[PDB]
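Participant: This is the structure, below, for whatever I ask next.
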Amino acid sequence: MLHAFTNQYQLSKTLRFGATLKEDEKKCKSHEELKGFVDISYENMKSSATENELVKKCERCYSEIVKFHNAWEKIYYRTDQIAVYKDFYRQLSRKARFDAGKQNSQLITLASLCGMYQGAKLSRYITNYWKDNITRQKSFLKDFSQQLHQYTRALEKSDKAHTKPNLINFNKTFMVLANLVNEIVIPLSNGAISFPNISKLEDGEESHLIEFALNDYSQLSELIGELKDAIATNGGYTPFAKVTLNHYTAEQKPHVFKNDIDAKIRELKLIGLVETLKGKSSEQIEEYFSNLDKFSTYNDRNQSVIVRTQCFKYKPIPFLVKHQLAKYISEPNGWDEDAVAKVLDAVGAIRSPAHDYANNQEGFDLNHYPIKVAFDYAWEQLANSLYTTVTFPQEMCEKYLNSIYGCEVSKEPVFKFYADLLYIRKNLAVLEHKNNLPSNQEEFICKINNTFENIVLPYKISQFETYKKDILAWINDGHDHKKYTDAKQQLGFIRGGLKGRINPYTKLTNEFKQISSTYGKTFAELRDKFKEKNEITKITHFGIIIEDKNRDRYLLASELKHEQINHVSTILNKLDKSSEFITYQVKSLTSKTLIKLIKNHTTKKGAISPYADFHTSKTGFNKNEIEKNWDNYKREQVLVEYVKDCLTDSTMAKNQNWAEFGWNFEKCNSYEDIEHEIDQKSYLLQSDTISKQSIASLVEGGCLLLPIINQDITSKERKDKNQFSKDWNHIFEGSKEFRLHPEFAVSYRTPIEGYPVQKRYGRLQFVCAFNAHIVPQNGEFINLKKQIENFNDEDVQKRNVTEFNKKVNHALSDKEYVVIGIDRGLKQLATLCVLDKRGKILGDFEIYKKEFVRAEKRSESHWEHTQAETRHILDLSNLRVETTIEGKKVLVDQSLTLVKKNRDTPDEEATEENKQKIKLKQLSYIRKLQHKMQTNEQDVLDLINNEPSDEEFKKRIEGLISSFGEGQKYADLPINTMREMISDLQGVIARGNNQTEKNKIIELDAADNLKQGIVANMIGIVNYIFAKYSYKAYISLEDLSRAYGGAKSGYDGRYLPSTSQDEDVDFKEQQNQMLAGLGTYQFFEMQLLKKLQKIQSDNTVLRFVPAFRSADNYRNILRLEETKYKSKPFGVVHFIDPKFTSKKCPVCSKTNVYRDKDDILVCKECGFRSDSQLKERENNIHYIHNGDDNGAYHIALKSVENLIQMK
RNA sequence: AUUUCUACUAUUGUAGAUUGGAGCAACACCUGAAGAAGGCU
RNA sequence: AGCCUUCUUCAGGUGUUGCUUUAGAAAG
DNA sequence: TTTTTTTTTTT
DNA sequence: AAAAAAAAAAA
Ligand SMILES: [Mg+2]
Ligand SMILES: [Mg+2]
Ligand SMILES: [Zn+2]
């Protein structure tokens, strides 16, 4: 029943909030009762916030780091000179894996640590820890120095720009090196490592340690931090802090990913490759790769993806993961690290058949090279040889191409046409050589003429003849250079897409998409989980949430820096139960913590376990069967009862009061049941109180007080209107259903120059990115990791979709549901028709409009809504859901109200239309102009020569830019925007032709934000209509996956193939490319399906489509069968075949119809016309007004008719 | 005016949408280079 | 010797379509 | 039952 | 109507 529509999946959600107070006069003041401390903390945070320059900076930082490393390497073992603070000693005892003991001094000299722990002196653990850090940072110094010297010699010679390393690996190698160096430098500069025994005079023999004890390490710290902040700033946001609200997580160690690393290495079959390839030299590994059968190894799915990759295209292993990986796999296997590094450097060594034939023609073989490499060489050199003598192995190339295609390639009309076009291009290039004209141009003119008159086309190209006439007219008579250049460019576009199109080669390239994607995926995951080893400090701050009497909420976070004192303790000791400010913490527990408590207990003779409080006296603990046999020992009942006893009756359970979580392990007969109970129940929002004097003492001690701000929690009247603010106020009810994750990150965005302080981009914006979790409390819920496991397997995903829509169809079978069909297009971006379950068209939708009403008291100005129309089948293009001032949710047509030409002009009239597809049309025109600025810059600059009028400027654009493809041609061209762009380009070129300034103009504007925002309006409409029918509905969509024919690109005139010609061609993306990147079909699908899986009803999440992550999780699903029409059920959403939805009569169901010039549907076999809307018909067929209405009606009707038979 | 996006208003704002961080793969063009082939003077 | 076109490769930038990983306490 | 054409759109 | 042609479904 209705419980089939509740959510059983755990969901993560990021709720970003502002952390900077806007101080305008048109912004309501908030956070007033701690405003002085907020200002103090903001001044404190503002102080410590921010390829040739980057690498000069990297060289200086590298030299300073090497100097520090060489000096520190001779001093770390000097226990008679080094001392540590007490809190730094406690953190060291955690990090170096020894027991701190009891210390009665505030400054603990390492000479005083003569006590023996587990067979070694206490200071020997510290010295061994520093030696291990020195070794690790020495390795990463070598690794970073290699890349730095490579990229330096690349920049210092102009001839070596092809030798630059990958920038991502350069940045990440420096980040690891910076972490390892900072591990020593930050305590040294903080004073946590000091040299107290130095005041005595030993300058004649101890000058090195005296010099090192004073170096002002804050300078090296600042340089490292500056480079770190430069690297970490992506998208305008720089990471600032990582704050935790659970203080048991503040001293977190890096997570160990050894099982995932081993599994990924096992998937790569990397160990077998190193075994077969070690002992070989570099030329011997090259010979091994040369002797492979490329085609059979490429199609053998049981090979390494590394080997399968190297036999289509050369792809080296990335630098950082290769150096981490060789060191990881060498020492366990008994191998030398240099030998395995030599093996990994030789994988993907790029080799050129043209170069190899140039140097030595004997022993040459095209079978030595990858398929794409040898194909490119053979194809290009065979195409040239049809008209001239070319130094290349002709018979070998012919055999190679014939073996791929199964026919004689040099006789194929496609290859012959390619060779003809290439010969024409060559002779034109001879005639165009302005530096050196030929002395006898008639030879090349006659060559071009004879080549054009002898071309046999392999297929029909309608515009080839006019290109031929333009080129021939310019070379013979010289009429018009513009049409000649356009024809030459279009023949270049024709020639470019001609290569490989004689289906086997397309199949191989489509396979390489998946193969190289798997290769990159696995190496990126391995790189990410190797970097975690050196992520020593993960939590930077410990914080609490503070609330005052006005419900303004703050974050008070203390930095966990190495000092004399404990910071977690200095906050926790200032909380009372009788003070004036409310405080919140997260008290929680996970199975992730439980496994770390279980597996890391030590039961040896001399050791003192950090986890001895968790472990009781029951018999279930066996260290050998926990370390070596965990997956088999965890299914024993003795371990289950031991873990239950540890969770119920241990010292940790009684000190931390785990009885407050309300666990019940009586029905838990497994370890996984215990995990599920802990994950479902272990959350509390712990409320204490703090005083203003305590906050005052903490803020001058270095704590940061940040306000938590969004638009409607800091407004005058503070009703929650966004879903984020409703979620935010739902967290502080303390329920387990909706949780606050204890860990979150703080970032900042520096202001953009040219923006006022009144707008957010002229302001230093701090952002707190809180994470919320939806954990279902009603039964067996499904966690995030299980979801990731299911999304990676397509068969499990198919089974899950099948069972989900089985429950869905059972729930709705006997109810009076409706079917909502949505058509998609360009004239109407979406059209919506609701059908009764017997097929009757439903709908008397009230369509509203807005007027802004100025009030006498100016703060009381508001919008008023009046009903404008009544519509049955809805064009969703210009509609949006609005809440009126009375609180009623209505449908408003945004196009019925005019907007103002200039913003913030209250006394001006509104005169401009507000159609939403015109926005997409204008952005497409802007992107087309930018593309032509990149490729045809002089043709773009010629549009504004003699200061043309708007009409002449329009007709000059039409010879350069193609039309949008819907409506009248060039109907809404953004003339004033485009002319300003061309003027700015002309200004930049006149000021010295700087490339960065040009890139700020000619690079394509992103289309995703605009069409996401436009789609979101229609998604809100569909959610409103779905809620209107009490969620008893099915949604019917077209399966727009197949392209029936070709298209032309929106950027060039370039041909786009069909799905029959290239199996990976999608109709939605072909339509996207035709519109120069402004198609909204897939955005509509993805946003609708993401809306339908997390629908809110005021406290509860309702799920209507199955769980999915990627686009291949709702695509690639089973089809419903034994039905009238083909359909793919995805929950309540059905994807029907789009065939004969627009070309069908609503009355007689015949397909001999046509759409009139006004998009009126006319039937040629029964006289039906959509213009006769006053003649009432059965099933409200007279509601259909267009061909889009007809398409939406038939989209709904196919799903209606197969839902009748299906249930 | 915004956590942010889209459309607005000038209402100490309004309406809808909103899961963030780091990346990987293919394609398009631009910029900096290299190798090869053929051609011109 | 100077230069041109063509093909391929390397690095980056910007777009377009996709796909992963990460997001609660680690002693042999 | 075979076969061709069907989602998009304009001049 | 067209338009470098596959699987679904009209005749
Ligand atoms: Mg449609
Ligand atoms: Mg349509
Ligand atoms: Zn009819």
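By convention in this document, the chains of the structure tokens carry letters A, B, ... by their order, each chain's residues are numbered from 1, and ligands are numbered from 1 in the order they are shown.
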I need the contact residues of chain C against chain A, so if you could list those with any atom within 8 Å, counting only C-alpha atoms (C1' of nucleotides), and return them as number ranges by chain, that would help.
Facilitator: C: 3-8, 10-11, 14-17, 19-21, 24-27
Participant: Just want the 9 Å neighbourhood of range 5-22 of chain B, counted on only C-alpha atoms (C1' of nucleotides), with same-chain residues fewer than 5 positions away dropped. Output as an MDAnalysis selection string.
Facilitator: (chainID A and resid 12:16 24:29 528 715:716 723:724 769:771 852 854:855 858:863 880:883 894 899 903:906 914 916 1009:1017 1019:1021) or (chainID C and resid 21:23)
Participant: List as CSV every residue of chain D that is in contact with ligand 2, defined as an atom at most 10 Å from one of its atoms (using only C-alpha atoms (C1' of nucleotides) and all ligand atoms), together with the nearest atom pair and the distance in Å rounded to one decimal, sorted by chain and then rising number.
Facilitator:
```
residue,atom,partner,partner_atom_place_in_ligand_line,distance
D:7,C1',ligand 2,1 (Mg),8.5
D:8,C1',ligand 2,1 (Mg),7.3
D:9,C1',ligand 2,1 (Mg),9.4
```
Participant: I'd like the interatomic distance between CA of residue 929 in chain A and CA of residue 485 in chain A, to a tenth of an Å.
Facilitator: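 Separation of CA of residue 929 in chain A and CA of residue 485 in chain A: 17.9 Å.
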Participant: Please identify every polymer residue within 12 Å of ligand 1, using only C-alpha atoms (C1' of nucleotides) and all ligand atoms, and present the set as a PyMOL selection string.
Facilitator: (chain A and resi 821-832+1036-1041+1067-1068+1081+1135-1143+1187-1196) or (chain D and resi 6-9)
Participant: I'd like the neighbourhood of residue 58 in chain A as a ChimeraX atom specification, where a residue qualifies if any of its atoms comes within 10 Å (using only C-alpha atoms (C1' of nucleotides)), though same-chain residues fewer than 5 positions away should be ignored.
Facilitator: /A:52-53,63-64,144-145,148,171,174,223-224,227
Participant: Just to confirm, what's the straight-line distance from CA of residue 1092 in chain A to CA of residue 17 in chain A in Å (one decimal)?
Facilitator: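 Between these atoms lies a distance of 24.8 Å.
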Participant: Do you know which residues are within 10 Å of ligand 3 using only C-alpha atoms (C1' of nucleotides) and all ligand atoms? Can you write them as a PDB file with C-alpha atoms, in the first residue's frame?
Facilitator:
```pdb
ATOM      1  CA  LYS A1144      -1.451   9.714 -35.398  1.00  0.00           C
ATOM      2  CA  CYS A1145      -5.043  10.897 -35.427  1.00  0.00           C
ATOM      3  CA  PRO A1146      -6.729  11.248 -32.010  1.00  0.00           C
ATOM      4  CA  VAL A1147     -10.037  10.114 -33.538  1.00  0.00           C
ATOM      5  CA  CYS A1148      -9.456   7.358 -36.103  1.00  0.00           C
ATOM      6  CA  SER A1149      -5.889   6.402 -35.006  1.00  0.00           C
ATOM      7  CA  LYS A1150      -4.654   6.597 -38.603  1.00  0.00           C
ATOM      8  CA  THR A1151      -1.199   7.955 -39.359  1.00  0.00           C
ATOM      9  CA  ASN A1152      -2.042   9.807 -42.600  1.00  0.00           C
ATOM     10  CA  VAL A1153      -1.926  13.187 -40.860  1.00  0.00           C
ATOM     11  CA  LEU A1161      -2.930  18.783 -36.672  1.00  0.00           C
ATOM     12  CA  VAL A1162      -4.987  17.864 -39.745  1.00  0.00           C
ATOM     13  CA  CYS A1163      -6.119  14.327 -40.587  1.00  0.00           C
ATOM     14  CA  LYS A1164      -6.379  13.488 -44.278  1.00  0.00           C
ATOM     15  CA  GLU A1165      -8.625  10.443 -43.769  1.00  0.00           C
ATOM     16  CA  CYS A1166     -11.365  11.619 -41.407  1.00  0.00           C
ATOM     17  CA  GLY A1167     -11.307  15.434 -41.571  1.00  0.00           C
ATOM     18  CA  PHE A1168     -10.085  15.975 -38.008  1.00  0.00           C
ATOM     19  CA  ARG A1169      -8.614  19.418 -37.344  1.00  0.00           C
TER      20      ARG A1169
END
```
Participant: Please produce, as a Markdown table, a per-residue contact table for chain E versus chain A (criterion: any atom at most 8 Å away, only C-alpha atoms (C1' of nucleotides) considered), showing the nearest atom pair and its distance in Å to one decimal, sorted by chain then residue number.
Facilitator:
```
| residue | atom | partner | partner_atom | distance |
| --- | --- | --- | --- | --- |
| E:3 | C1' | A:1045 | CA | 6.8 |
| E:4 | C1' | A:459 | CA | 6.0 |
| E:5 | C1' | A:1060 | CA | 7.3 |
| E:6 | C1' | A:1060 | CA | 5.2 |
| E:8 | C1' | A:1139 | CA | 7.4 |
| E:10 | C1' | A:1151 | CA | 7.9 |
```
Participant: When you draw a straight line from CA of residue 205 in chain A to CA of residue 220 in chain A, how long is it in Å?
Facilitator: 26.7 Å
Participant: Quick one: pick out all alpha helix (DSSP H) residues within range 53-91 of chain A from a backbone DSSP run and write them as a list in words.
Facilitator: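 Secondary structure check on range 53-91 of chain A, alpha helix (DSSP H): residues 53, 54, 55, 56, 57, 58, 59, 60, 61, 62, 63, 64, 65, 66, 67, 68, 69, 70, 71, 72, 86, 87, 88, 89, 90 and 91 of chain A.
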Participant: Include N, CA, C and O atoms and write out the residues we just selected as a short mmCIF file (atom, residue, chain, number, x, y, z; two decimals), in the first residue's frame.
Facilitator:
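Below you can see selection_14.cif, which holds the result:
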```cif
data_model
loop_
_atom_site.label_atom_id
_atom_site.label_comp_id
_atom_site.auth_asym_id
_atom_site.auth_seq_id
_atom_site.Cartn_x
_atom_site.Cartn_y
_atom_site.Cartn_z
N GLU A 53 54.91 31.44 -13.16
CA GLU A 53 54.95 31.93 -11.79
C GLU A 53 54.77 30.81 -10.78
O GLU A 53 55.47 30.76 -9.77
N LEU A 54 53.84 29.89 -11.06
CA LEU A 54 53.59 28.75 -10.18
C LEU A 54 54.85 27.91 -10.01
O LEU A 54 55.15 27.44 -8.91
N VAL A 55 55.62 27.77 -11.08
CA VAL A 55 56.74 26.84 -11.03
C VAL A 55 58.01 27.53 -10.53
O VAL A 55 58.85 26.90 -9.90
N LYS A 56 58.12 28.85 -10.71
CA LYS A 56 59.15 29.58 -9.97
C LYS A 56 58.89 29.50 -8.47
O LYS A 56 59.82 29.30 -7.67
N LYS A 57 57.62 29.64 -8.07
CA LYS A 57 57.25 29.48 -6.66
C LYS A 57 57.54 28.07 -6.17
O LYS A 57 58.01 27.88 -5.04
N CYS A 58 57.28 27.07 -7.01
CA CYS A 58 57.56 25.68 -6.66
C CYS A 58 59.06 25.43 -6.52
O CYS A 58 59.48 24.65 -5.66
N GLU A 59 59.88 26.06 -7.37
CA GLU A 59 61.33 25.92 -7.24
C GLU A 59 61.84 26.54 -5.94
O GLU A 59 62.69 25.95 -5.27
N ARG A 60 61.34 27.72 -5.58
CA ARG A 60 61.77 28.33 -4.32
C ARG A 60 61.34 27.50 -3.12
O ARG A 60 62.12 27.27 -2.18
N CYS A 61 60.10 27.01 -3.14
CA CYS A 61 59.61 26.17 -2.06
C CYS A 61 60.39 24.86 -1.99
O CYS A 61 60.69 24.36 -0.90
N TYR A 62 60.75 24.30 -3.15
CA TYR A 62 61.52 23.06 -3.18
C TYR A 62 62.91 23.27 -2.59
O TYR A 62 63.40 22.42 -1.84
N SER A 63 63.57 24.38 -2.93
CA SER A 63 64.90 24.63 -2.40
C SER A 63 64.86 24.84 -0.89
O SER A 63 65.72 24.31 -0.16
N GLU A 64 63.87 25.58 -0.40
CA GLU A 64 63.73 25.78 1.04
C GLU A 64 63.41 24.47 1.77
O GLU A 64 63.95 24.21 2.85
N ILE A 65 62.56 23.63 1.17
CA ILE A 65 62.22 22.34 1.76
C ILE A 65 63.43 21.42 1.79
O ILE A 65 63.64 20.70 2.78
N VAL A 66 64.25 21.42 0.74
CA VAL A 66 65.46 20.59 0.72
C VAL A 66 66.44 21.06 1.78
O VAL A 66 67.07 20.25 2.47
N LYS A 67 66.57 22.38 1.95
CA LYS A 67 67.45 22.92 2.99
C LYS A 67 66.98 22.49 4.38
O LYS A 67 67.79 22.05 5.21
N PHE A 68 65.68 22.61 4.65
CA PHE A 68 65.12 22.16 5.92
C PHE A 68 65.33 20.67 6.13
O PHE A 68 65.71 20.23 7.22
N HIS A 69 65.08 19.88 5.09
CA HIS A 69 65.17 18.43 5.19
C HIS A 69 66.59 17.98 5.46
O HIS A 69 66.82 17.06 6.25
N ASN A 70 67.56 18.61 4.81
CA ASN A 70 68.95 18.25 5.03
C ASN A 70 69.43 18.69 6.41
O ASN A 70 70.25 18.01 7.03
N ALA A 71 68.92 19.82 6.91
CA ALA A 71 69.30 20.23 8.26
C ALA A 71 68.61 19.38 9.33
O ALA A 71 69.23 19.02 10.33
N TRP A 72 67.33 19.06 9.13
CA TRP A 72 66.57 18.32 10.14
C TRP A 72 67.02 16.87 10.23
O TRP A 72 66.85 16.23 11.27
N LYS A 86 53.57 19.07 26.34
CA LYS A 86 52.87 17.92 26.89
C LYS A 86 51.77 17.43 25.95
O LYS A 86 51.63 16.22 25.73
N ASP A 87 50.98 18.35 25.40
CA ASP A 87 49.93 17.95 24.48
C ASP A 87 50.50 17.42 23.17
O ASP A 87 49.98 16.45 22.61
N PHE A 88 51.59 18.03 22.69
CA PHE A 88 52.28 17.49 21.53
C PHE A 88 52.83 16.10 21.82
O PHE A 88 52.85 15.23 20.94
N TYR A 89 53.27 15.86 23.06
CA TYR A 89 53.74 14.54 23.45
C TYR A 89 52.60 13.52 23.45
O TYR A 89 52.79 12.37 23.06
N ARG A 90 51.41 13.94 23.88
CA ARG A 90 50.26 13.03 23.86
C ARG A 90 49.85 12.67 22.44
O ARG A 90 49.60 11.49 22.12
N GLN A 91 49.80 13.67 21.55
CA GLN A 91 49.51 13.39 20.15
C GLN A 91 50.61 12.54 19.51
O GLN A 91 50.33 11.70 18.65
#
```
